[PDB]
Amino acid sequence: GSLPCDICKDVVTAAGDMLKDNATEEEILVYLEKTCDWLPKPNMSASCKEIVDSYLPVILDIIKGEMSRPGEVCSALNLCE
């Protein structure tokens, strides 16, 4: 899969699991930012940050809306084919 697709799957899964543990949205952002910062290449970190900043908000809304399948959520947002 494309890099945006691969990152999206991570983000949606992470956000979903953390919400199911009643994590706060702020904490979720902090967690995902860490992931972005740990990625081994600058282009990966950059793509991760852009995806988190652009899509995490609506992803949280979608999961709260009872839709948490990573592949499906990401395909809908056109991050996956």
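Virtual Cβ from ideal backbone geometry, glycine too; neighbours counted across all protein chains shown. Quick note: the coordinates plus some simple rules give every number you see, no bench work behind them.
Of note:
- Think of the chain as a dipole: +1 on every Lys or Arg Cβ, -1 on every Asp or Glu Cβ, centred on the Cα centre; then among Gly1, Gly71, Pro42, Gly1 lies furthest on the positive end.
- Relative contact order (percent, whole number), the chain, Cα cutoff 8 Å, 6+ residue spacing: 49 percent
- Between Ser54 and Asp21, residue separation times 0.36 nm minus the direct Cα-Cα distance comes to 9.5 nm.
- Of the DSSP H helices in the chain, those whose Cα atoms cover at least 24 Å axially and whose Kyte score averages -1.0 or more: 3-20, 42-64
- Per residue Cα convex hull volume in Å³ - calculated over the chain: 77 Å³
- Computed [θ] at 222 nm, deg cm²/dmol, the chain (DSSP H ≥ 4; -39,500 (n - 2.57); rounded to nearest 500): -25000 deg cm²/dmol
- Selected from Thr35, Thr24, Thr13 as most flexible by GNM, with the chain as the system and alpha-carbon contacts under 10 Å: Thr24
- Taking 7 Å steps out from each Cα toward its Cβ at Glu33 and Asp61 produces label points 2.2 nm apart.
- Paramagnetic label zone (point 7 Å from Cα along Cα-to-C-beta, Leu3; backbone N under 19 Å) in the stretch 40-66: 40-56
- Label point 7 Å beyond Cα of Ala46 along Cβ direction - residues of the stretch 53-81 with amide nitrogen under 17 Å: 53-54
- Nearest-20 debye value, the chain charge dipole, Cβ charges on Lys, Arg, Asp, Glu: 180 debye
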